[PDB]
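Shown next: structure_3.txt, given as compact mmCIF, N, CA and C atoms and all ligand atoms.
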# COMPACT_ATOMS: atom_id res chain seq x y z
N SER A 7 -1.98 20.22 9.04
CA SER A 7 -1.08 21.23 9.61
C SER A 7 -0.64 20.87 11.04
N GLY A 8 0.50 21.41 11.47
CA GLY A 8 1.02 21.17 12.82
C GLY A 8 2.54 21.23 12.93
N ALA A 9 3.05 21.67 14.08
CA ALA A 9 4.49 21.82 14.28
C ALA A 9 4.95 21.46 15.72
N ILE A 10 6.28 21.31 15.94
CA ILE A 10 6.90 21.06 17.25
C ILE A 10 7.70 22.33 17.64
N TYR A 11 7.42 22.87 18.80
CA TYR A 11 8.07 24.07 19.29
C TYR A 11 8.96 23.69 20.46
N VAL A 12 10.28 23.57 20.23
CA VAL A 12 11.22 23.18 21.29
C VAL A 12 12.36 24.17 21.34
N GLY A 13 12.51 24.86 22.49
CA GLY A 13 13.54 25.88 22.65
C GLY A 13 13.35 26.97 21.62
N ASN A 14 14.42 27.36 20.95
CA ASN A 14 14.33 28.35 19.89
C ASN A 14 14.16 27.67 18.50
N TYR A 15 13.41 26.55 18.43
CA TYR A 15 13.19 25.87 17.15
C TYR A 15 11.73 25.56 16.90
N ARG A 16 11.36 25.52 15.62
CA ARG A 16 10.05 25.12 15.15
C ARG A 16 10.34 24.00 14.11
N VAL A 17 9.81 22.80 14.33
CA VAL A 17 9.98 21.67 13.41
C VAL A 17 8.69 21.49 12.66
N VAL A 18 8.72 21.47 11.34
CA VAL A 18 7.51 21.27 10.53
C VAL A 18 7.81 20.28 9.39
N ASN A 19 6.75 19.76 8.70
CA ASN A 19 6.91 18.94 7.48
C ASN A 19 7.53 19.87 6.43
N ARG A 20 8.60 19.43 5.77
CA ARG A 20 9.26 20.25 4.76
C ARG A 20 8.29 20.69 3.64
N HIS A 21 7.39 19.80 3.15
CA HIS A 21 6.46 20.20 2.08
C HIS A 21 5.44 21.28 2.48
N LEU A 22 5.32 21.56 3.78
CA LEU A 22 4.38 22.55 4.29
C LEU A 22 5.08 23.80 4.91
N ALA A 23 6.41 23.92 4.77
CA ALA A 23 7.17 25.05 5.32
C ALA A 23 6.77 26.36 4.64
N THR A 24 6.83 27.47 5.40
CA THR A 24 6.46 28.83 4.97
C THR A 24 7.70 29.68 4.49
N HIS A 25 7.47 30.93 4.03
CA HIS A 25 8.57 31.80 3.64
C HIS A 25 9.42 32.11 4.86
N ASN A 26 8.78 32.38 6.02
CA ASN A 26 9.47 32.64 7.28
C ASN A 26 10.35 31.45 7.71
N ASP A 27 9.83 30.22 7.61
CA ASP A 27 10.60 28.99 7.89
C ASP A 27 11.88 28.96 7.03
N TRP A 28 11.76 29.24 5.73
CA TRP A 28 12.92 29.26 4.83
C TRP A 28 13.87 30.47 5.08
N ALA A 29 13.33 31.62 5.47
CA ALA A 29 14.16 32.82 5.74
C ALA A 29 14.95 32.67 7.06
N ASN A 30 14.49 31.80 7.97
CA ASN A 30 15.11 31.51 9.25
C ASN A 30 15.46 30.00 9.37
N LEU A 31 15.82 29.37 8.24
CA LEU A 31 16.18 27.97 8.09
C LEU A 31 17.38 27.61 8.95
N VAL A 32 17.28 26.53 9.76
CA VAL A 32 18.38 25.97 10.54
C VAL A 32 18.92 24.71 9.82
N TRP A 33 18.02 23.79 9.45
CA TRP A 33 18.32 22.51 8.82
C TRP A 33 17.07 22.01 8.10
N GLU A 34 17.28 21.33 6.97
CA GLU A 34 16.19 20.72 6.22
C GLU A 34 16.70 19.44 5.52
N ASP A 35 15.80 18.46 5.31
CA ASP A 35 16.13 17.21 4.65
C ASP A 35 14.90 16.70 3.87
N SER A 36 14.94 16.79 2.51
CA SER A 36 13.84 16.31 1.66
C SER A 36 13.57 14.82 1.86
N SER A 37 14.63 13.99 2.03
CA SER A 37 14.43 12.55 2.21
C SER A 37 13.66 12.22 3.50
N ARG A 38 13.67 13.09 4.48
CA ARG A 38 12.94 12.88 5.76
C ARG A 38 11.64 13.71 5.85
N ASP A 39 11.39 14.62 4.87
CA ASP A 39 10.27 15.56 4.83
C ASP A 39 10.29 16.44 6.09
N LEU A 40 11.49 16.84 6.57
CA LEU A 40 11.57 17.71 7.75
C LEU A 40 12.27 19.02 7.43
N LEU A 41 11.84 20.06 8.09
CA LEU A 41 12.49 21.36 8.03
C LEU A 41 12.37 21.97 9.43
N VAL A 42 13.48 22.51 9.93
CA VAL A 42 13.56 23.16 11.23
C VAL A 42 13.94 24.64 11.04
N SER A 43 13.15 25.55 11.60
CA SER A 43 13.45 26.97 11.55
C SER A 43 13.62 27.56 12.95
N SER A 44 14.33 28.71 13.03
CA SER A 44 14.57 29.37 14.31
C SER A 44 13.38 30.24 14.73
N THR A 45 13.19 30.40 16.04
CA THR A 45 12.08 31.20 16.56
C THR A 45 12.59 32.21 17.58
N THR A 46 11.90 33.34 17.73
CA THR A 46 12.28 34.34 18.73
C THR A 46 11.76 33.92 20.12
N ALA A 47 10.59 33.28 20.18
CA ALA A 47 10.02 32.85 21.44
C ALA A 47 10.50 31.45 21.82
N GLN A 48 10.48 31.16 23.11
CA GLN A 48 10.88 29.87 23.66
C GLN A 48 9.75 28.83 23.54
N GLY A 49 10.11 27.64 23.08
CA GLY A 49 9.22 26.49 22.92
C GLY A 49 9.35 25.57 24.12
N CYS A 50 8.28 24.88 24.45
CA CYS A 50 8.27 24.06 25.66
C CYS A 50 7.92 22.59 25.43
N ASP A 51 7.86 22.14 24.16
CA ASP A 51 7.61 20.72 23.89
C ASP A 51 8.87 19.95 24.31
N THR A 52 8.68 18.84 24.98
CA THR A 52 9.77 17.96 25.38
C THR A 52 9.90 16.89 24.28
N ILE A 53 11.12 16.62 23.80
CA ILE A 53 11.34 15.57 22.80
C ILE A 53 11.75 14.29 23.51
N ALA A 54 11.17 13.15 23.10
CA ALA A 54 11.53 11.86 23.68
C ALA A 54 12.90 11.40 23.13
N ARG A 55 13.67 10.73 23.96
CA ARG A 55 14.96 10.11 23.65
C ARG A 55 14.80 8.64 24.09
N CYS A 56 14.17 7.82 23.24
CA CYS A 56 13.83 6.44 23.58
C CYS A 56 13.72 5.59 22.29
N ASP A 57 13.29 4.32 22.45
CA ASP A 57 12.99 3.44 21.32
C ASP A 57 11.57 2.89 21.49
N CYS A 58 10.61 3.71 21.97
CA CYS A 58 9.22 3.28 22.15
C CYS A 58 8.63 2.92 20.80
N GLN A 59 7.80 1.91 20.77
CA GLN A 59 7.03 1.54 19.58
C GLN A 59 5.51 1.57 19.85
N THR A 60 5.08 2.36 20.88
CA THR A 60 3.68 2.58 21.25
C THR A 60 3.56 4.04 21.65
N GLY A 61 2.44 4.63 21.28
CA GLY A 61 2.20 6.03 21.58
C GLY A 61 0.81 6.50 21.24
N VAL A 62 0.60 7.82 21.26
CA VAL A 62 -0.69 8.46 20.97
C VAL A 62 -0.47 9.57 19.94
N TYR A 63 -1.26 9.59 18.84
CA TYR A 63 -1.12 10.66 17.84
C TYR A 63 -2.40 11.51 17.67
N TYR A 64 -2.25 12.78 17.27
CA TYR A 64 -3.39 13.65 17.04
C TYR A 64 -3.86 13.56 15.60
N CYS A 65 -5.14 13.23 15.41
CA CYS A 65 -5.70 13.09 14.06
C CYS A 65 -6.68 14.21 13.79
N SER A 66 -6.24 15.30 13.10
CA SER A 66 -7.10 16.45 12.85
C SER A 66 -8.32 16.15 11.99
N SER A 67 -8.24 15.20 11.04
CA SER A 67 -9.43 14.84 10.23
C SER A 67 -10.56 14.18 11.06
N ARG A 68 -10.27 13.79 12.30
CA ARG A 68 -11.25 13.23 13.22
C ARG A 68 -11.41 14.05 14.51
N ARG A 69 -10.55 15.09 14.71
CA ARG A 69 -10.49 15.91 15.93
C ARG A 69 -10.35 14.99 17.18
N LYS A 70 -9.53 13.93 17.03
CA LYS A 70 -9.35 12.93 18.08
C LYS A 70 -7.89 12.47 18.16
N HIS A 71 -7.49 11.95 19.34
CA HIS A 71 -6.19 11.33 19.60
C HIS A 71 -6.43 9.81 19.55
N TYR A 72 -5.45 9.07 19.05
CA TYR A 72 -5.57 7.63 18.93
C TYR A 72 -4.32 6.90 19.41
N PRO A 73 -4.50 5.81 20.19
CA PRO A 73 -3.32 5.02 20.60
C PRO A 73 -2.88 4.12 19.42
N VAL A 74 -1.54 4.00 19.16
CA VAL A 74 -1.02 3.21 18.05
C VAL A 74 0.26 2.47 18.43
N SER A 75 0.49 1.34 17.77
CA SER A 75 1.78 0.68 17.82
C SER A 75 2.40 1.16 16.51
N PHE A 76 3.71 1.34 16.49
CA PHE A 76 4.38 1.85 15.31
C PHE A 76 5.73 1.17 15.10
N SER A 77 6.18 1.12 13.85
CA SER A 77 7.40 0.43 13.51
C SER A 77 8.64 1.29 13.82
N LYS A 78 9.80 0.68 13.78
CA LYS A 78 11.08 1.38 14.00
C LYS A 78 11.38 2.29 12.78
N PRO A 79 12.08 3.42 12.97
CA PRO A 79 12.35 4.31 11.82
C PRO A 79 13.14 3.64 10.71
N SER A 80 12.61 3.69 9.48
CA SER A 80 13.27 3.05 8.35
C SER A 80 13.02 3.75 7.00
N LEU A 81 13.68 3.27 5.92
CA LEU A 81 13.53 3.77 4.56
C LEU A 81 12.28 3.15 3.99
N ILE A 82 11.28 3.96 3.64
CA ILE A 82 10.04 3.44 3.07
C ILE A 82 9.67 4.17 1.77
N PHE A 83 9.33 3.42 0.72
CA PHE A 83 8.90 4.00 -0.55
C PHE A 83 7.61 4.82 -0.40
N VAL A 84 7.61 6.01 -1.01
CA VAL A 84 6.52 6.97 -0.99
C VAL A 84 6.24 7.45 -2.42
N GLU A 85 4.98 7.32 -2.81
CA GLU A 85 4.41 7.70 -4.09
C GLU A 85 4.62 9.15 -4.44
N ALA A 86 4.77 9.42 -5.76
CA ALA A 86 4.92 10.78 -6.29
C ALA A 86 3.75 11.68 -5.85
N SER A 87 4.00 12.96 -5.67
CA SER A 87 3.01 13.93 -5.21
C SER A 87 3.32 15.31 -5.80
N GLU A 88 2.53 16.36 -5.46
CA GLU A 88 2.82 17.70 -5.97
C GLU A 88 4.05 18.36 -5.31
N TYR A 89 4.59 17.71 -4.23
CA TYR A 89 5.73 18.15 -3.44
C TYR A 89 7.00 17.35 -3.76
N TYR A 90 6.88 16.05 -4.05
CA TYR A 90 8.07 15.22 -4.31
C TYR A 90 7.87 14.24 -5.44
N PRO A 91 8.95 13.85 -6.15
CA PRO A 91 8.82 12.74 -7.11
C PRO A 91 8.75 11.38 -6.35
N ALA A 92 8.54 10.25 -7.05
CA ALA A 92 8.48 8.95 -6.34
C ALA A 92 9.86 8.65 -5.71
N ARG A 93 9.90 8.36 -4.39
CA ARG A 93 11.20 8.16 -3.70
C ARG A 93 11.10 7.35 -2.37
N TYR A 94 12.24 7.02 -1.72
CA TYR A 94 12.25 6.37 -0.40
C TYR A 94 12.40 7.48 0.64
N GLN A 95 11.53 7.49 1.65
CA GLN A 95 11.59 8.49 2.71
C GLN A 95 12.22 7.83 3.93
N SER A 96 13.32 8.40 4.41
CA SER A 96 14.05 7.82 5.53
C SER A 96 13.48 8.31 6.89
N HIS A 97 13.80 7.56 7.96
CA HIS A 97 13.39 7.85 9.34
C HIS A 97 11.87 7.89 9.48
N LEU A 98 11.16 7.06 8.71
CA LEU A 98 9.70 6.98 8.70
C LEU A 98 9.21 5.80 9.52
N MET A 99 8.14 6.00 10.32
CA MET A 99 7.55 4.93 11.15
C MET A 99 6.09 4.75 10.78
N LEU A 100 5.65 3.52 10.52
CA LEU A 100 4.26 3.27 10.16
C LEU A 100 3.44 2.69 11.32
N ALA A 101 2.13 2.95 11.27
CA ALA A 101 1.12 2.46 12.20
C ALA A 101 -0.21 2.24 11.47
N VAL A 102 -1.02 1.34 12.01
CA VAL A 102 -2.36 1.09 11.52
C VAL A 102 -3.23 2.14 12.24
N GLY A 103 -3.98 2.90 11.44
CA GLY A 103 -4.82 3.98 12.01
C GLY A 103 -5.31 4.92 10.92
N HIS A 104 -6.34 5.71 11.21
CA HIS A 104 -6.93 6.60 10.18
C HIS A 104 -6.00 7.78 9.88
N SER A 105 -5.93 8.19 8.61
CA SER A 105 -5.09 9.35 8.22
C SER A 105 -5.47 9.77 6.79
N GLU A 106 -5.70 11.06 6.57
CA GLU A 106 -6.01 11.56 5.20
C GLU A 106 -5.25 12.87 4.95
N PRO A 107 -5.02 13.28 3.69
CA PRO A 107 -4.36 14.55 3.39
C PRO A 107 -4.90 15.64 4.32
N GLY A 108 -4.00 16.36 5.00
CA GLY A 108 -4.43 17.40 5.96
C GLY A 108 -4.07 17.01 7.38
N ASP A 109 -3.72 15.74 7.59
CA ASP A 109 -3.36 15.24 8.95
C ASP A 109 -1.86 15.45 9.20
N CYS A 110 -1.09 15.75 8.15
CA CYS A 110 0.36 16.02 8.32
C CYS A 110 0.55 17.08 9.42
N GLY A 111 1.60 16.94 10.23
CA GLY A 111 1.85 17.92 11.29
C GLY A 111 1.35 17.51 12.66
N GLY A 112 0.40 16.59 12.71
CA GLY A 112 -0.08 16.05 13.98
C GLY A 112 1.01 15.31 14.75
N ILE A 113 1.10 15.60 16.03
CA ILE A 113 2.12 15.07 16.90
C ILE A 113 1.85 13.64 17.36
N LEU A 114 2.92 12.84 17.39
CA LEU A 114 2.94 11.49 17.92
C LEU A 114 3.77 11.60 19.23
N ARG A 115 3.23 11.08 20.34
CA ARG A 115 3.87 11.20 21.64
C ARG A 115 3.86 9.84 22.34
N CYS A 116 4.87 9.60 23.18
CA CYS A 116 4.92 8.41 24.04
C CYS A 116 5.00 9.00 25.49
N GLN A 117 5.25 8.16 26.52
CA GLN A 117 5.36 8.67 27.89
C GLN A 117 6.55 9.61 28.08
N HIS A 118 7.56 9.54 27.19
CA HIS A 118 8.78 10.35 27.31
C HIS A 118 8.70 11.71 26.65
N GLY A 119 7.69 11.94 25.81
CA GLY A 119 7.54 13.19 25.10
C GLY A 119 7.23 13.04 23.62
N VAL A 120 7.62 14.03 22.81
CA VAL A 120 7.33 14.06 21.39
C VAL A 120 8.23 13.10 20.61
N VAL A 121 7.61 12.17 19.84
CA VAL A 121 8.31 11.18 19.04
C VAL A 121 8.54 11.67 17.57
N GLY A 122 7.52 12.30 17.01
CA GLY A 122 7.58 12.78 15.64
C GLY A 122 6.26 13.35 15.18
N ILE A 123 6.14 13.58 13.87
CA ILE A 123 4.94 14.18 13.32
C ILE A 123 4.41 13.44 12.08
N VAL A 124 3.09 13.39 11.94
CA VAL A 124 2.47 12.74 10.74
C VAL A 124 3.10 13.33 9.48
N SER A 125 3.44 12.48 8.51
CA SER A 125 4.06 12.95 7.24
C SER A 125 3.47 12.18 6.06
N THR A 126 3.06 10.92 6.29
CA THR A 126 2.47 10.09 5.21
C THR A 126 1.27 9.32 5.76
N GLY A 127 0.60 8.54 4.92
CA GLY A 127 -0.58 7.75 5.35
C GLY A 127 -1.38 7.24 4.17
N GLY A 128 -2.32 6.33 4.41
CA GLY A 128 -3.16 5.78 3.33
C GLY A 128 -3.45 4.30 3.53
N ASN A 129 -4.67 3.86 3.20
CA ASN A 129 -5.06 2.43 3.34
C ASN A 129 -5.04 2.05 4.82
N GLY A 130 -5.73 2.82 5.67
CA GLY A 130 -5.77 2.53 7.11
C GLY A 130 -4.39 2.55 7.73
N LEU A 131 -3.48 3.36 7.17
CA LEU A 131 -2.09 3.44 7.69
C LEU A 131 -1.72 4.91 7.91
N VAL A 132 -0.71 5.16 8.75
CA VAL A 132 -0.24 6.56 9.01
C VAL A 132 1.28 6.53 9.19
N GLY A 133 2.00 7.38 8.45
CA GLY A 133 3.47 7.44 8.56
C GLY A 133 3.92 8.62 9.39
N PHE A 134 4.88 8.41 10.29
CA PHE A 134 5.36 9.50 11.18
C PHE A 134 6.85 9.76 10.94
N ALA A 135 7.22 11.01 10.66
CA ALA A 135 8.62 11.36 10.52
C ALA A 135 9.15 11.42 11.94
N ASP A 136 10.12 10.55 12.28
CA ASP A 136 10.74 10.50 13.61
C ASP A 136 11.65 11.69 13.87
N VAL A 137 11.73 12.19 15.14
CA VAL A 137 12.63 13.31 15.50
C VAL A 137 13.52 12.99 16.73
N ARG A 138 13.42 11.76 17.27
CA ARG A 138 14.17 11.37 18.46
C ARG A 138 15.67 11.32 18.27
N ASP A 139 16.16 11.17 17.04
CA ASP A 139 17.60 11.14 16.77
C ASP A 139 18.23 12.55 16.66
N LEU A 140 17.39 13.60 16.52
CA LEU A 140 17.87 14.98 16.39
C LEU A 140 18.21 15.53 17.77
N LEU A 141 19.36 15.08 18.32
CA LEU A 141 19.78 15.44 19.68
C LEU A 141 20.04 16.94 19.86
N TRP A 142 20.38 17.66 18.75
CA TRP A 142 20.67 19.09 18.77
C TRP A 142 19.46 19.98 19.04
N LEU A 143 18.23 19.46 18.90
CA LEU A 143 17.03 20.24 19.20
C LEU A 143 17.02 20.73 20.66
N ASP A 144 17.68 19.98 21.57
CA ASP A 144 17.78 20.24 23.00
C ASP A 144 18.90 21.14 23.39
N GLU A 145 19.99 21.18 22.61
CA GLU A 145 21.15 22.00 22.97
C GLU A 145 21.54 23.00 21.90
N1 LIG A 201 6.03 12.65 3.09
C1 LIG A 201 5.50 12.79 1.88
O1 LIG A 201 6.16 12.66 0.85
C2 LIG A 201 4.02 13.13 1.83
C3 LIG A 201 3.79 14.44 1.08
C4 LIG A 201 2.29 14.73 0.93
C5 LIG A 201 1.58 13.56 0.29
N2 LIG A 201 1.86 12.31 1.01
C6 LIG A 201 0.91 11.52 1.54
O2 LIG A 201 1.18 10.50 2.15
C7 LIG A 201 -0.54 11.96 1.34
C8 LIG A 201 -1.46 11.34 2.36
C9 LIG A 201 -2.48 10.48 1.95
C10 LIG A 201 -3.33 9.89 2.87
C11 LIG A 201 -3.19 10.16 4.22
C12 LIG A 201 -2.20 11.02 4.67
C13 LIG A 201 -1.34 11.60 3.73
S1 LIG A 201 -0.14 12.66 4.46
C14 LIG A 201 -1.06 12.69 6.03
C15 LIG A 201 -1.91 11.43 6.08
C16 LIG A 201 3.29 12.00 1.10
ZN ZN A 202 9.31 6.73 24.61

Translate this file's structure into structure tokens.
Amino acid sequence: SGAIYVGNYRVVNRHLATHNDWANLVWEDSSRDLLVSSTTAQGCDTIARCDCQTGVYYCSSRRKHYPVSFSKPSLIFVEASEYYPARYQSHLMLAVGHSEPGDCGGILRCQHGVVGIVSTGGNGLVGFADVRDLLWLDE
């Protein structure tokens, strides 16, 4: 579990969105596993606008933060699950690091701010749905 609170928006993994997220839906994309909903309260997370390939992510299955190098956002094949059929997930970044079901939602950050959130993982790997291209989150 985990979300990004920026301005009047809440960004979460689409497969983990609630009834409230869908009733106040701003934008959603199954291929990216992202859903953004509107909020009444103001959010204060800063989103990074960079091309960093190093950062720190929160791993709830270990209750620890870990430094990682990560790949550039790209189309990556993702195995069938109870949420999606077998498909390519776009804007995904991979890193070597621990990750198990339940770590989705954990924030990945660089010196500039929030880069994205855990969405995939397995075999000593962790996939992060990137949010740096969503320039509208700020305005
Ligand atoms: N984006 C998707 O289609 C997700 C949907 C849920 C399932 N999924 C996974 O990768 C499961 C998983 C296994 C092992 C470690 C981890 C995970 S998810 C957090 C870390 C794909
Ligand atoms: Zn950065």

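Running DSSP on the backbone gives alpha helix (DSSP H) for these residues within chain A: residues 25, 26, 27, 28 and 29 of chain A.
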
Could you work out how far atom CA of residue A:7 lies from atom CA of residue A:47, giving the answer in Å with one decimal?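 Going from atom CA of residue A:47 over to atom CA of residue A:7 covers 20.0 Å.
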
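Proximity of A:129, A:56, A:112, A:136 to residue A:99, computed with only N, CA and C atoms, is greatest for A:136.
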
Identify, counting all atoms listed in the file, the protein, DNA and RNA residues located within 8 Å of ligand LIG 201 (chain A), and give them as a PyMOL selection string. chain A and resi 19-22+36-40+84-91+93+95+104-112+124-133+135

Between atom CA of residue A:103 and atom CA of residue A:123, what distance in Å does the model show, to one decimal?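 Taking atom CA of residue A:103 and atom CA of residue A:123, their separation equals 14.2 Å.
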
Hey, which bits of chain A sit within 10 Å of ligand ZN 202 (chain A), and for each residue what's the closest pair of atoms and how far apart in Å (one decimal), counting only C-alpha atoms and all ligand atoms, rows by chain and increasing number, as a Markdown table?
| residue | atom | partner | partner_atom | distance |
| --- | --- | --- | --- | --- |
| A:53 | CA | A:ZN202 | ZN | 9.2 |
| A:54 | CA | A:ZN202 | ZN | 5.7 |
| A:55 | CA | A:ZN202 | ZN | 6.7 |
| A:56 | CA | A:ZN202 | ZN | 4.6 |
| A:57 | CA | A:ZN202 | ZN | 5.9 |
| A:58 | CA | A:ZN202 | ZN | 4.2 |
| A:59 | CA | A:ZN202 | ZN | 7.6 |
| A:60 | CA | A:ZN202 | ZN | 7.8 |
| A:61 | CA | A:ZN202 | ZN | 7.8 |
| A:115 | CA | A:ZN202 | ZN | 7.6 |
| A:116 | CA | A:ZN202 | ZN | 4.7 |
| A:117 | CA | A:ZN202 | ZN | 5.5 |
| A:118 | CA | A:ZN202 | ZN | 4.5 |
| A:119 | CA | A:ZN202 | ZN | 6.7 |
| A:120 | CA | A:ZN202 | ZN | 8.2 |
| A:121 | CA | A:ZN202 | ZN | 7.2 |
| A:138 | CA | A:ZN202 | ZN | 9.1 |

Who sits within 10 Å of residue A:27, only C-alpha atoms, same chain under 5 positions skipped, as a list in words: residues 16, 17, 18, 20, 22, 32, 41, 42, 43, 44 and 45 of chain A

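Of note, atom CA of residue A:69 and atom CA of residue A:15 are spaced 25.7 Å apart.
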
Choose the residue, out of A:24, A:66, A:96, A:30, that has the smallest atom-to-atom separation from residue A:81; count all atoms listed in the file. A:96

Can you check which residues of chain A DSSP gives as strand (DSSP E or B) on the backbone and send them as a ChimeraX atom specification? /A:10-19,31-35,40-50,53,60-65,70-75,80-84,93-102,113-116,119-127,131-136

Fewer than 3 positions away in the same chain doesn't count, so skip those; otherwise give me all residues within 6.5 Å of residue A:62, counting only N, CA and C atoms, as a ChimeraX atom specification. /A:71-74,113-116

Please produce stretch 62-81 of chain A, completed to N, CA, C and O atoms, as a JSON list (two decimals), in the frame of the given file.
[["chain", "number", "residue", "atom", "x", "y", "z"],
["A", 62, "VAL", "N", 0.60, 7.82, 21.26],
["A", 62, "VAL", "CA", -0.69, 8.46, 20.97],
["A", 62, "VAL", "C", -0.47, 9.57, 19.94],
["A", 62, "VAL", "O", 0.46, 10.38, 20.09],
["A", 63, "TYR", "N", -1.26, 9.59, 18.84],
["A", 63, "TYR", "CA", -1.12, 10.66, 17.84],
["A", 63, "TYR", "C", -2.40, 11.51, 17.67],
["A", 63, "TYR", "O", -3.51, 11.01, 17.87],
["A", 64, "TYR", "N", -2.25, 12.78, 17.27],
["A", 64, "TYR", "CA", -3.39, 13.65, 17.04],
["A", 64, "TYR", "C", -3.86, 13.56, 15.60],
["A", 64, "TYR", "O", -3.09, 13.80, 14.68],
["A", 65, "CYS", "N", -5.14, 13.23, 15.41],
["A", 65, "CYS", "CA", -5.70, 13.09, 14.06],
["A", 65, "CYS", "C", -6.68, 14.21, 13.79],
["A", 65, "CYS", "O", -7.82, 14.12, 14.23],
["A", 66, "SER", "N", -6.24, 15.30, 13.10],
["A", 66, "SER", "CA", -7.10, 16.45, 12.85],
["A", 66, "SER", "C", -8.32, 16.15, 11.99],
["A", 66, "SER", "O", -9.34, 16.79, 12.21],
["A", 67, "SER", "N", -8.24, 15.20, 11.04],
["A", 67, "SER", "CA", -9.43, 14.84, 10.23],
["A", 67, "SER", "C", -10.56, 14.18, 11.06],
["A", 67, "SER", "O", -11.69, 14.07, 10.58],
["A", 68, "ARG", "N", -10.27, 13.79, 12.30],
["A", 68, "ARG", "CA", -11.25, 13.23, 13.22],
["A", 68, "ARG", "C", -11.41, 14.05, 14.51],
["A", 68, "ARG", "O", -12.27, 13.72, 15.34],
["A", 69, "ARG", "N", -10.55, 15.09, 14.71],
["A", 69, "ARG", "CA", -10.49, 15.91, 15.93],
["A", 69, "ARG", "C", -10.35, 14.99, 17.18],
["A", 69, "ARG", "O", -10.97, 15.21, 18.23],
["A", 70, "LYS", "N", -9.53, 13.93, 17.03],
["A", 70, "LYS", "CA", -9.35, 12.93, 18.08],
["A", 70, "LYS", "C", -7.89, 12.47, 18.16],
["A", 70, "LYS", "O", -7.19, 12.49, 17.13],
["A", 71, "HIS", "N", -7.49, 11.95, 19.34],
["A", 71, "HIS", "CA", -6.19, 11.33, 19.60],
["A", 71, "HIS", "C", -6.43, 9.81, 19.55],
["A", 71, "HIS", "O", -7.50, 9.31, 19.96],
["A", 72, "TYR", "N", -5.45, 9.07, 19.05],
["A", 72, "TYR", "CA", -5.57, 7.63, 18.93],
["A", 72, "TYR", "C", -4.32, 6.90, 19.41],
["A", 72, "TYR", "O", -3.19, 7.30, 19.10],
["A", 73, "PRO", "N", -4.50, 5.81, 20.19],
["A", 73, "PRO", "CA", -3.32, 5.02, 20.60],
["A", 73, "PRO", "C", -2.88, 4.12, 19.42],
["A", 73, "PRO", "O", -3.75, 3.55, 18.75],
["A", 74, "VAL", "N", -1.54, 4.00, 19.16],
["A", 74, "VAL", "CA", -1.02, 3.21, 18.05],
["A", 74, "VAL", "C", 0.26, 2.47, 18.43],
["A", 74, "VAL", "O", 1.03, 2.92, 19.28],
["A", 75, "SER", "N", 0.49, 1.34, 17.77],
["A", 75, "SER", "CA", 1.78, 0.68, 17.82],
["A", 75, "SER", "C", 2.40, 1.16, 16.51],
["A", 75, "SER", "O", 1.67, 1.38, 15.53],
["A", 76, "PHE", "N", 3.71, 1.34, 16.49],
["A", 76, "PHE", "CA", 4.38, 1.85, 15.31],
["A", 76, "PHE", "C", 5.73, 1.17, 15.10],
["A", 76, "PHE", "O", 6.30, 0.62, 16.04],
["A", 77, "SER", "N", 6.18, 1.12, 13.85],
["A", 77, "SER", "CA", 7.40, 0.43, 13.51],
["A", 77, "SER", "C", 8.64, 1.29, 13.82],
["A", 77, "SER", "O", 8.52, 2.48, 14.13],
["A", 78, "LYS", "N", 9.80, 0.68, 13.78],
["A", 78, "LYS", "CA", 11.08, 1.38, 14.00],
["A", 78, "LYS", "C", 11.38, 2.29, 12.78],
["A", 78, "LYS", "O", 10.95, 1.96, 11.67],
["A", 79, "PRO", "N", 12.08, 3.42, 12.97],
["A", 79, "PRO", "CA", 12.35, 4.31, 11.82],
["A", 79, "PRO", "C", 13.14, 3.64, 10.71],
["A", 79, "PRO", "O", 14.24, 3.09, 10.95],
["A", 80, "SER", "N", 12.61, 3.69, 9.48],
["A", 80, "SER", "CA", 13.27, 3.05, 8.35],
["A", 80, "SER", "C", 13.02, 3.75, 7.00],
["A", 80, "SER", "O", 12.27, 4.72, 6.93],
["A", 81, "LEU", "N", 13.68, 3.27, 5.92],
["A", 81, "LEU", "CA", 13.53, 3.77, 4.56],
["A", 81, "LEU", "C", 12.28, 3.15, 3.99],
["A", 81, "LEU", "O", 12.24, 1.93, 3.82]]
